[PDB]
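Here's target26.cif, which has mmCIF, N, CA and C atoms:
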```cif
data_my_file
#
loop_
_atom_site.group_PDB
_atom_site.id
_atom_site.type_symbol
_atom_site.label_atom_id
_atom_site.label_comp_id
_atom_site.auth_asym_id
_atom_site.auth_seq_id
_atom_site.Cartn_x
_atom_site.Cartn_y
_atom_site.Cartn_z
ATOM 1 N N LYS T 1 115.906 93.430 48.679
ATOM 2 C CA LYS T 1 114.624 93.585 48.012
ATOM 3 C C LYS T 1 114.517 94.968 47.382
ATOM 4 N N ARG T 2 113.585 95.094 46.442
ATOM 5 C CA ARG T 2 113.423 96.328 45.687
ATOM 6 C C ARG T 2 112.728 97.389 46.529
ATOM 7 N N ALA T 3 113.277 98.601 46.518
ATOM 8 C CA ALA T 3 112.642 99.761 47.121
ATOM 9 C C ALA T 3 112.530 100.852 46.066
ATOM 10 N N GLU T 4 111.712 101.856 46.356
ATOM 11 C CA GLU T 4 111.442 102.930 45.412
ATOM 12 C C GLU T 4 112.072 104.232 45.886
ATOM 13 N N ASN T 5 112.467 105.059 44.920
ATOM 14 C CA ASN T 5 113.089 106.342 45.218
ATOM 15 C C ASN T 5 112.076 107.295 45.835
ATOM 16 N N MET T 6 112.508 108.019 46.867
ATOM 17 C CA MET T 6 111.642 108.975 47.548
ATOM 18 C C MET T 6 111.323 110.143 46.626
ATOM 19 N N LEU T 7 110.037 110.387 46.406
ATOM 20 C CA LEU T 7 109.589 111.518 45.617
ATOM 21 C C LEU T 7 109.172 112.647 46.550
ATOM 22 N N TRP T 8 108.709 113.748 45.965
ATOM 23 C CA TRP T 8 108.428 114.946 46.736
ATOM 24 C C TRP T 8 107.391 115.784 46.004
ATOM 25 N N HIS T 9 106.951 116.851 46.670
ATOM 26 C CA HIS T 9 106.081 117.861 46.070
ATOM 27 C C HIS T 9 106.458 119.188 46.731
ATOM 28 N N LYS T 10 107.372 119.913 46.097
ATOM 29 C CA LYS T 10 107.939 121.128 46.660
ATOM 30 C C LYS T 10 107.484 122.331 45.849
ATOM 31 N N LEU T 11 106.941 123.323 46.538
ATOM 32 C CA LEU T 11 106.364 124.523 45.953
ATOM 33 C C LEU T 11 106.854 125.728 46.734
ATOM 34 N N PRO T 12 106.614 126.943 46.234
ATOM 35 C CA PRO T 12 106.795 128.130 47.078
ATOM 36 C C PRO T 12 105.832 128.139 48.256
ATOM 37 N N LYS T 13 106.165 128.973 49.246
ATOM 38 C CA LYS T 13 105.388 129.018 50.480
ATOM 39 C C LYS T 13 104.029 129.678 50.271
ATOM 40 N N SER T 14 103.912 130.558 49.281
ATOM 41 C CA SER T 14 102.651 131.231 49.006
ATOM 42 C C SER T 14 102.557 131.538 47.519
ATOM 43 N N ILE T 15 101.495 131.058 46.882
ATOM 44 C CA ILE T 15 101.247 131.303 45.462
ATOM 45 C C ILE T 15 99.966 132.125 45.384
ATOM 46 N N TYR T 16 100.107 133.448 45.380
ATOM 47 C CA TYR T 16 98.965 134.347 45.328
ATOM 48 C C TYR T 16 98.553 134.597 43.886
ATOM 49 N N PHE T 17 97.249 134.532 43.629
ATOM 50 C CA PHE T 17 96.752 134.675 42.267
ATOM 51 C C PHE T 17 95.302 135.137 42.295
ATOM 52 N N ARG T 18 95.023 136.216 41.567
ATOM 53 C CA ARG T 18 93.710 136.569 41.020
ATOM 54 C C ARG T 18 93.927 137.646 39.965
ATOM 55 N N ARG T 19 92.837 138.326 39.597
ATOM 56 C CA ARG T 19 92.875 139.307 38.515
ATOM 57 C C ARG T 19 93.726 140.521 38.873
ATOM 58 N N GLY T 20 93.589 141.034 40.091
ATOM 59 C CA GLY T 20 94.301 142.246 40.444
ATOM 60 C C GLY T 20 95.044 142.201 41.760
ATOM 61 N N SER T 21 95.567 141.037 42.131
ATOM 62 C CA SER T 21 96.210 140.895 43.437
ATOM 63 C C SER T 21 97.715 141.143 43.379
ATOM 64 N N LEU T 22 98.129 142.234 42.740
ATOM 65 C CA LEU T 22 99.507 142.690 42.896
ATOM 66 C C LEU T 22 99.728 143.556 44.145
ATOM 67 N N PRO T 23 98.946 144.617 44.445
ATOM 68 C CA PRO T 23 99.262 145.383 45.662
ATOM 69 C C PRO T 23 98.771 144.740 46.946
ATOM 70 N N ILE T 24 97.809 143.819 46.876
ATOM 71 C CA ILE T 24 97.360 143.142 48.087
ATOM 72 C C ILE T 24 98.383 142.105 48.527
ATOM 73 N N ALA T 25 99.135 141.540 47.582
ATOM 74 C CA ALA T 25 100.199 140.609 47.931
ATOM 75 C C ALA T 25 101.479 141.336 48.317
ATOM 76 N N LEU T 26 101.690 142.543 47.792
ATOM 77 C CA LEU T 26 102.852 143.342 48.159
ATOM 78 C C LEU T 26 102.724 143.980 49.535
ATOM 79 N N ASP T 27 101.528 143.999 50.121
ATOM 80 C CA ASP T 27 101.373 144.443 51.499
ATOM 81 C C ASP T 27 101.793 143.383 52.506
ATOM 82 N N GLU T 28 102.003 142.141 52.067
ATOM 83 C CA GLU T 28 102.509 141.112 52.966
ATOM 84 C C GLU T 28 104.003 141.283 53.214
ATOM 85 N N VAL T 29 104.766 141.631 52.172
ATOM 86 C CA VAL T 29 106.202 141.850 52.338
ATOM 87 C C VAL T 29 106.514 143.174 53.013
ATOM 88 N N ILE T 30 105.524 144.055 53.156
ATOM 89 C CA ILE T 30 105.695 145.265 53.951
ATOM 90 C C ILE T 30 105.629 144.938 55.436
ATOM 91 N N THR T 31 104.629 144.154 55.838
ATOM 92 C CA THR T 31 104.418 143.809 57.240
ATOM 93 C C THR T 31 105.388 142.755 57.759
ATOM 94 N N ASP T 32 106.237 142.186 56.907
ATOM 95 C CA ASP T 32 107.243 141.229 57.346
ATOM 96 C C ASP T 32 108.539 141.893 57.790
ATOM 97 N N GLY T 33 108.592 143.220 57.812
ATOM 98 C CA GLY T 33 109.766 143.932 58.265
ATOM 99 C C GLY T 33 110.829 144.173 57.219
ATOM 100 N N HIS T 34 110.526 143.957 55.943
ATOM 101 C CA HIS T 34 111.497 144.195 54.885
ATOM 102 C C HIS T 34 111.610 145.687 54.608
ATOM 103 N N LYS T 35 112.844 146.194 54.594
ATOM 104 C CA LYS T 35 113.090 147.622 54.459
ATOM 105 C C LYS T 35 113.900 148.004 53.231
ATOM 106 N N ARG T 36 114.617 147.068 52.612
ATOM 107 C CA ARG T 36 115.411 147.344 51.420
ATOM 108 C C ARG T 36 115.104 146.276 50.383
ATOM 109 N N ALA T 37 114.648 146.699 49.206
ATOM 110 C CA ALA T 37 114.223 145.778 48.165
ATOM 111 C C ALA T 37 114.958 146.069 46.865
ATOM 112 N N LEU T 38 115.252 145.004 46.124
ATOM 113 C CA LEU T 38 115.862 145.094 44.804
ATOM 114 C C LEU T 38 114.900 144.487 43.796
ATOM 115 N N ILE T 39 114.674 145.188 42.689
ATOM 116 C CA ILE T 39 113.704 144.775 41.681
ATOM 117 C C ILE T 39 114.456 144.537 40.379
ATOM 118 N N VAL T 40 114.428 143.302 39.893
ATOM 119 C CA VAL T 40 115.094 142.916 38.654
ATOM 120 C C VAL T 40 114.033 142.827 37.566
ATOM 121 N N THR T 41 114.108 143.716 36.582
ATOM 122 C CA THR T 41 113.129 143.807 35.508
ATOM 123 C C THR T 41 113.818 143.673 34.154
ATOM 124 N N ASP T 42 113.001 143.627 33.108
ATOM 125 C CA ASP T 42 113.467 143.727 31.735
ATOM 126 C C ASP T 42 113.554 145.200 31.339
ATOM 127 N N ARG T 43 114.179 145.459 30.189
ATOM 128 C CA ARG T 43 114.311 146.833 29.717
ATOM 129 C C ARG T 43 112.993 147.376 29.179
ATOM 130 N N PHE T 44 112.137 146.504 28.640
ATOM 131 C CA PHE T 44 110.834 146.946 28.153
ATOM 132 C C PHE T 44 109.884 147.250 29.304
ATOM 133 N N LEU T 45 109.925 146.440 30.366
ATOM 134 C CA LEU T 45 108.992 146.600 31.476
ATOM 135 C C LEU T 45 109.303 147.820 32.332
ATOM 136 N N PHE T 46 110.530 148.334 32.269
ATOM 137 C CA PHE T 46 110.861 149.546 33.007
ATOM 138 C C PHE T 46 110.426 150.797 32.257
ATOM 139 N N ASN T 47 110.436 150.755 30.926
ATOM 140 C CA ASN T 47 110.056 151.887 30.094
ATOM 141 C C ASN T 47 108.558 151.953 29.821
ATOM 142 N N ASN T 48 107.770 151.021 30.364
ATOM 143 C CA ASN T 48 106.333 151.000 30.117
ATOM 144 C C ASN T 48 105.523 150.987 31.408
ATOM 145 N N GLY T 49 106.119 151.403 32.523
ATOM 146 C CA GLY T 49 105.382 151.550 33.762
ATOM 147 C C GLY T 49 105.045 150.269 34.489
ATOM 148 N N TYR T 50 105.559 149.123 34.036
ATOM 149 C CA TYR T 50 105.305 147.877 34.752
ATOM 150 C C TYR T 50 106.114 147.807 36.040
ATOM 151 N N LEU A 1 87.276 199.715 46.259
ATOM 152 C CA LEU A 1 86.489 198.919 47.195
ATOM 153 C C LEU A 1 86.922 199.149 48.637
ATOM 154 N N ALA A 2 88.179 199.536 48.855
ATOM 155 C CA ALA A 2 88.637 199.826 50.207
ATOM 156 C C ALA A 2 88.144 201.178 50.699
ATOM 157 N N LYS A 3 87.896 202.121 49.788
ATOM 158 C CA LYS A 3 87.414 203.435 50.195
ATOM 159 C C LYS A 3 85.909 203.441 50.425
ATOM 160 N N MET A 4 85.182 202.505 49.810
ATOM 161 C CA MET A 4 83.743 202.421 50.032
ATOM 162 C C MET A 4 83.414 201.778 51.371
ATOM 163 N N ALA A 5 84.246 200.848 51.837
ATOM 164 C CA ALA A 5 83.973 200.146 53.084
ATOM 165 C C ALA A 5 84.295 200.973 54.321
ATOM 166 N N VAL A 6 84.998 202.094 54.169
ATOM 167 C CA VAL A 6 85.269 202.995 55.281
ATOM 168 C C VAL A 6 84.267 204.140 55.205
ATOM 169 N N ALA A 7 83.816 204.457 53.990
ATOM 170 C CA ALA A 7 82.775 205.467 53.834
ATOM 171 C C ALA A 7 81.419 204.953 54.296
ATOM 172 N N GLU A 8 81.202 203.640 54.239
ATOM 173 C CA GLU A 8 79.925 203.053 54.632
ATOM 174 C C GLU A 8 79.871 202.764 56.131
ATOM 175 N N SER A 9 80.807 201.957 56.630
ATOM 176 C CA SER A 9 80.781 201.537 58.027
ATOM 177 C C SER A 9 81.506 202.507 58.952
ATOM 178 N N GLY A 10 82.674 202.997 58.548
ATOM 179 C CA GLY A 10 83.432 203.921 59.371
ATOM 180 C C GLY A 10 84.078 203.268 60.574
ATOM 181 N N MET A 11 84.700 202.105 60.366
ATOM 182 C CA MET A 11 85.300 201.356 61.463
ATOM 183 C C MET A 11 86.647 200.757 61.080
ATOM 184 N N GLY A 12 87.351 201.361 60.128
ATOM 185 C CA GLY A 12 88.627 200.793 59.738
ATOM 186 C C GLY A 12 89.549 201.816 59.117
ATOM 187 N N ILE A 13 90.776 201.369 58.876
ATOM 188 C CA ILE A 13 91.781 202.160 58.179
ATOM 189 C C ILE A 13 91.692 201.826 56.698
ATOM 190 N N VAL A 14 91.711 202.859 55.851
ATOM 191 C CA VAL A 14 91.541 202.649 54.414
ATOM 192 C C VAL A 14 92.770 201.976 53.816
ATOM 193 N N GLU A 15 93.940 202.175 54.420
ATOM 194 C CA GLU A 15 95.165 201.584 53.902
ATOM 195 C C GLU A 15 95.308 200.111 54.261
ATOM 196 N N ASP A 16 94.560 199.626 55.252
ATOM 197 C CA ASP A 16 94.612 198.218 55.623
ATOM 198 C C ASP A 16 93.596 197.367 54.879
ATOM 199 N N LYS A 17 92.517 197.966 54.379
ATOM 200 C CA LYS A 17 91.586 197.243 53.526
ATOM 201 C C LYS A 17 92.096 197.095 52.100
ATOM 202 N N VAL A 18 93.193 197.768 51.752
ATOM 203 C CA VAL A 18 93.805 197.578 50.442
ATOM 204 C C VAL A 18 94.523 196.236 50.386
ATOM 205 N N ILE A 19 95.374 195.960 51.378
ATOM 206 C CA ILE A 19 96.113 194.698 51.407
ATOM 207 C C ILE A 19 95.292 193.546 51.956
ATOM 208 N N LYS A 20 94.063 193.798 52.400
ATOM 209 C CA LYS A 20 93.130 192.726 52.720
ATOM 210 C C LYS A 20 92.277 192.335 51.525
ATOM 211 N N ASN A 21 91.885 193.310 50.700
ATOM 212 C CA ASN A 21 91.282 193.007 49.408
ATOM 213 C C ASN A 21 92.299 192.461 48.417
ATOM 214 N N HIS A 22 93.584 192.768 48.602
ATOM 215 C CA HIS A 22 94.610 192.191 47.744
ATOM 216 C C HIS A 22 94.943 190.765 48.159
ATOM 217 N N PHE A 23 94.880 190.474 49.462
ATOM 218 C CA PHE A 23 95.075 189.110 49.938
ATOM 219 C C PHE A 23 93.942 188.195 49.496
ATOM 220 N N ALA A 24 92.723 188.717 49.421
ATOM 221 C CA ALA A 24 91.557 187.923 49.063
ATOM 222 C C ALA A 24 91.403 187.720 47.561
ATOM 223 N N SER A 25 92.325 188.229 46.743
ATOM 224 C CA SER A 25 92.195 188.130 45.295
ATOM 225 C C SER A 25 93.421 187.579 44.583
ATOM 226 N N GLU A 26 94.613 187.625 45.183
ATOM 227 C CA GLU A 26 95.791 187.043 44.555
ATOM 228 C C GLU A 26 96.445 185.936 45.368
ATOM 229 N N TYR A 27 96.185 185.851 46.674
ATOM 230 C CA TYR A 27 96.622 184.698 47.447
ATOM 231 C C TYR A 27 95.621 183.562 47.382
ATOM 232 N N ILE A 28 94.337 183.888 47.236
ATOM 233 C CA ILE A 28 93.330 182.859 47.010
ATOM 234 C C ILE A 28 93.453 182.319 45.593
ATOM 235 N N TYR A 29 93.913 183.147 44.653
ATOM 236 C CA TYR A 29 94.155 182.652 43.305
ATOM 237 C C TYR A 29 95.407 181.787 43.241
ATOM 238 N N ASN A 30 96.431 182.109 44.031
ATOM 239 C CA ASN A 30 97.715 181.430 43.891
ATOM 240 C C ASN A 30 97.698 180.027 44.488
ATOM 241 N N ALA A 31 97.000 179.835 45.607
ATOM 242 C CA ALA A 31 96.975 178.518 46.235
ATOM 243 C C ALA A 31 96.104 177.547 45.450
ATOM 244 N N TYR A 32 94.983 178.028 44.921
ATOM 245 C CA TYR A 32 94.040 177.198 44.174
ATOM 246 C C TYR A 32 94.106 177.486 42.681
ATOM 247 N N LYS A 33 95.319 177.711 42.172
ATOM 248 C CA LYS A 33 95.512 178.019 40.759
ATOM 249 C C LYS A 33 95.254 176.795 39.890
ATOM 250 N N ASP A 34 95.919 175.688 40.200
ATOM 251 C CA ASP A 34 95.755 174.428 39.482
ATOM 252 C C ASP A 34 95.397 173.361 40.510
ATOM 253 N N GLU A 35 94.106 173.260 40.806
ATOM 254 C CA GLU A 35 93.569 172.247 41.702
ATOM 255 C C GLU A 35 92.342 171.652 41.033
ATOM 256 N N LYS A 36 92.337 170.335 40.868
ATOM 257 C CA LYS A 36 91.254 169.665 40.162
ATOM 258 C C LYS A 36 89.994 169.678 41.015
ATOM 259 N N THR A 37 88.934 170.299 40.492
ATOM 260 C CA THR A 37 87.671 170.412 41.208
ATOM 261 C C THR A 37 86.452 170.164 40.332
ATOM 262 N N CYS A 38 86.623 169.894 39.038
ATOM 263 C CA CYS A 38 85.493 169.814 38.119
ATOM 264 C C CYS A 38 85.300 168.415 37.549
ATOM 265 N N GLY A 39 86.319 167.838 36.920
ATOM 266 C CA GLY A 39 86.158 166.548 36.277
ATOM 267 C C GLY A 39 86.588 165.372 37.129
ATOM 268 N N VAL A 40 87.288 164.425 36.513
ATOM 269 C CA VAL A 40 87.782 163.242 37.210
ATOM 270 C C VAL A 40 89.005 163.633 38.029
ATOM 271 N N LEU A 41 88.919 163.462 39.348
ATOM 272 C CA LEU A 41 90.022 163.849 40.221
ATOM 273 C C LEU A 41 91.133 162.807 40.206
ATOM 274 N N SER A 42 90.821 161.584 40.622
ATOM 275 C CA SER A 42 91.782 160.495 40.654
ATOM 276 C C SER A 42 91.176 159.273 39.978
ATOM 277 N N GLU A 43 92.029 158.292 39.695
ATOM 278 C CA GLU A 43 91.589 157.065 39.043
ATOM 279 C C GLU A 43 92.583 155.961 39.361
ATOM 280 N N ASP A 44 92.071 154.810 39.786
ATOM 281 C CA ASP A 44 92.890 153.644 40.085
ATOM 282 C C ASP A 44 92.502 152.516 39.142
ATOM 283 N N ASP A 45 93.503 151.873 38.547
ATOM 284 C CA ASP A 45 93.269 150.756 37.644
ATOM 285 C C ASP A 45 93.442 149.403 38.315
ATOM 286 N N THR A 46 94.320 149.306 39.314
ATOM 287 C CA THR A 46 94.486 148.047 40.031
ATOM 288 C C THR A 46 93.327 147.786 40.984
ATOM 289 N N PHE A 47 92.737 148.840 41.548
ATOM 290 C CA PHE A 47 91.599 148.692 42.446
ATOM 291 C C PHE A 47 90.267 149.018 41.786
ATOM 292 N N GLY A 48 90.276 149.750 40.677
ATOM 293 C CA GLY A 48 89.055 150.000 39.935
ATOM 294 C C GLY A 48 88.160 151.070 40.517
ATOM 295 N N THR A 49 88.721 152.218 40.888
ATOM 296 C CA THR A 49 87.953 153.316 41.453
ATOM 297 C C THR A 49 88.194 154.593 40.664
ATOM 298 N N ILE A 50 87.113 155.321 40.393
ATOM 299 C CA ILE A 50 87.165 156.629 39.752
ATOM 300 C C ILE A 50 86.489 157.624 40.682
#
```
Take the structure in this file and express it as structure tokens.
Amino acid sequence: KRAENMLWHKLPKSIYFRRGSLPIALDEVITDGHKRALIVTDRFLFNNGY
Amino acid sequence: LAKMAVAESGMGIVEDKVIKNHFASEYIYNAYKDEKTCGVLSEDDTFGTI
């Protein structure tokens, strides 16, 4: 008999969003014990303080 | 100014009030030479505080 393929709904574990929630969300990765971070940016975003 | 304060009170050495009046005029100038005290001190754009 006919059966249907299993679908899903997969997202990141946390999708933080508002007008200015960049440093409030970056305080979560501080309290998780992370001590060494690598930041991959564009060449324009590094020369403009982003 | 060091010779007037010994002529008035009569309780000190005139040679020690020279380097005390010198401490009160060039060490007080040197520490607080460029310290913001009049206009906008700090400003935050992510948190919105002036």
What are the nearest atom pairs, with distances in Å to one decimal, for all residues of chain T that come at most 8 Å from chain A, using all atoms listed in the file, set out by chain and rising residue number as JSON lines?
```
{"residue": "T:19", "atom": "C", "partner": "A:46", "partner_atom": "C", "distance": 7.6}
{"residue": "T:20", "atom": "CA", "partner": "A:46", "partner_atom": "C", "distance": 5.7}
{"residue": "T:21", "atom": "N", "partner": "A:46", "partner_atom": "C", "distance": 7.2}
{"residue": "T:22", "atom": "N", "partner": "A:46", "partner_atom": "CA", "distance": 7.4}
{"residue": "T:23", "atom": "N", "partner": "A:46", "partner_atom": "CA", "distance": 7.2}
```
Can you report as JSON the centre and edge lengths in Å, to one decimal, of an axis-aligned box around the listed atoms of range 41-50 of chain A padded with 8 Å on each side?
```
{"center_x": 90.5, "center_y": 155.8, "center_z": 40.0, "size_x": 24.0, "size_y": 32.1, "size_z": 20.8}
```
- Message: Using the chain letters and numbers from this file, what does the PyMOL selection byres ((chain A and resi 1) around 8) select? Give the answer as number ranges by chain.
- Response: A: 2-6, 17-18, 21
If you keep N, CA and C atoms, can you produce a file of those selected residues as a PDB file, in the frame of the given file?
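To be explicit, this is the file written out as again.pdb:
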```
ATOM      1  N   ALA A   2      88.179 199.536  48.855  1.00  0.00           N
ATOM      2  CA  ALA A   2      88.637 199.826  50.207  1.00  0.00           C
ATOM      3  C   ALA A   2      88.144 201.178  50.699  1.00  0.00           C
ATOM      4  N   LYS A   3      87.896 202.121  49.788  1.00  0.00           N
ATOM      5  CA  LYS A   3      87.414 203.435  50.195  1.00  0.00           C
ATOM      6  C   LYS A   3      85.909 203.441  50.425  1.00  0.00           C
ATOM      7  N   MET A   4      85.182 202.505  49.810  1.00  0.00           N
ATOM      8  CA  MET A   4      83.743 202.421  50.032  1.00  0.00           C
ATOM      9  C   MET A   4      83.414 201.778  51.371  1.00  0.00           C
ATOM     10  N   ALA A   5      84.246 200.848  51.837  1.00  0.00           N
ATOM     11  CA  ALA A   5      83.973 200.146  53.084  1.00  0.00           C
ATOM     12  C   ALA A   5      84.295 200.973  54.321  1.00  0.00           C
ATOM     13  N   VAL A   6      84.998 202.094  54.169  1.00  0.00           N
ATOM     14  CA  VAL A   6      85.269 202.995  55.281  1.00  0.00           C
ATOM     15  C   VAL A   6      84.267 204.140  55.205  1.00  0.00           C
ATOM     16  N   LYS A  17      92.517 197.966  54.379  1.00  0.00           N
ATOM     17  CA  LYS A  17      91.586 197.243  53.526  1.00  0.00           C
ATOM     18  C   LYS A  17      92.096 197.095  52.100  1.00  0.00           C
ATOM     19  N   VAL A  18      93.193 197.768  51.752  1.00  0.00           N
ATOM     20  CA  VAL A  18      93.805 197.578  50.442  1.00  0.00           C
ATOM     21  C   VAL A  18      94.523 196.236  50.386  1.00  0.00           C
ATOM     22  N   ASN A  21      91.885 193.310  50.700  1.00  0.00           N
ATOM     23  CA  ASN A  21      91.282 193.007  49.408  1.00  0.00           C
ATOM     24  C   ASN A  21      92.299 192.461  48.417  1.00  0.00           C
TER      25      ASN A  21
END
```
- Run DSSP on the backbone and grab whatever in chain T lands in alpha helix (DSSP H); send it over as a ChimeraX atom specification. /T:23-26,28-31,43-46
Please write a file for range 9-32 of chain A, taken from the block I just shared, that holds N, CA and C atoms and is laid out as a compact mmCIF listing (two decimals), in the first residue's frame.
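Saved to selection31.txt:
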```txt
# COMPACT_ATOMS: atom_id res chain seq x y z
N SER A 9 52.38 81.95 59.18
CA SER A 9 52.12 80.97 60.22
C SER A 9 53.35 80.65 61.06
N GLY A 10 54.51 80.49 60.43
CA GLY A 10 55.73 80.19 61.15
C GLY A 10 55.78 78.77 61.68
N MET A 11 55.40 77.80 60.85
CA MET A 11 55.34 76.41 61.27
C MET A 11 55.87 75.46 60.20
N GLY A 12 56.75 75.93 59.33
CA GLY A 12 57.25 75.05 58.29
C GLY A 12 58.59 75.47 57.76
N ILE A 13 59.14 74.61 56.91
CA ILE A 13 60.39 74.89 56.20
C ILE A 13 60.03 75.52 54.87
N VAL A 14 60.74 76.60 54.51
CA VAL A 14 60.41 77.33 53.29
C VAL A 14 60.79 76.52 52.05
N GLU A 15 61.78 75.64 52.17
CA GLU A 15 62.22 74.84 51.03
C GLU A 15 61.30 73.66 50.76
N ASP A 16 60.47 73.27 51.72
CA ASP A 16 59.53 72.17 51.52
C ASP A 16 58.18 72.63 50.99
N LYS A 17 57.82 73.89 51.21
CA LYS A 17 56.61 74.44 50.60
C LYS A 17 56.81 74.81 49.14
N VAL A 18 58.05 74.77 48.64
CA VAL A 18 58.30 75.00 47.23
C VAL A 18 57.87 73.78 46.42
N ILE A 19 58.32 72.59 46.82
CA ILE A 19 57.96 71.37 46.10
C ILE A 19 56.59 70.84 46.49
N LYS A 20 55.91 71.47 47.44
CA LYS A 20 54.51 71.18 47.70
C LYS A 20 53.58 72.07 46.89
N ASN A 21 53.95 73.34 46.69
CA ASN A 21 53.26 74.19 45.73
C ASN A 21 53.56 73.79 44.29
N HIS A 22 54.70 73.13 44.05
CA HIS A 22 54.99 72.64 42.71
C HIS A 22 54.24 71.34 42.42
N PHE A 23 54.04 70.51 43.45
CA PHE A 23 53.24 69.30 43.29
C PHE A 23 51.78 69.63 43.04
N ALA A 24 51.27 70.70 43.65
CA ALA A 24 49.87 71.07 43.53
C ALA A 24 49.56 71.83 42.24
N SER A 25 50.54 72.05 41.37
CA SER A 25 50.32 72.83 40.16
C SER A 25 50.78 72.16 38.87
N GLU A 26 51.68 71.18 38.92
CA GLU A 26 52.09 70.47 37.72
C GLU A 26 51.81 68.97 37.75
N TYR A 27 51.61 68.38 38.93
CA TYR A 27 51.15 67.00 39.00
C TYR A 27 49.63 66.91 38.94
N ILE A 28 48.94 67.94 39.44
CA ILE A 28 47.50 68.01 39.29
C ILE A 28 47.15 68.35 37.85
N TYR A 29 48.02 69.10 37.16
CA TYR A 29 47.79 69.37 35.75
C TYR A 29 48.07 68.14 34.89
N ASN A 30 49.06 67.33 35.27
CA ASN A 30 49.49 66.24 34.40
C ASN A 30 48.51 65.06 34.41
N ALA A 31 47.93 64.76 35.57
CA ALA A 31 47.01 63.62 35.64
C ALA A 31 45.68 63.95 34.98
N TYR A 32 45.20 65.17 35.15
CA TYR A 32 43.92 65.61 34.60
C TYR A 32 44.11 66.54 33.41
```
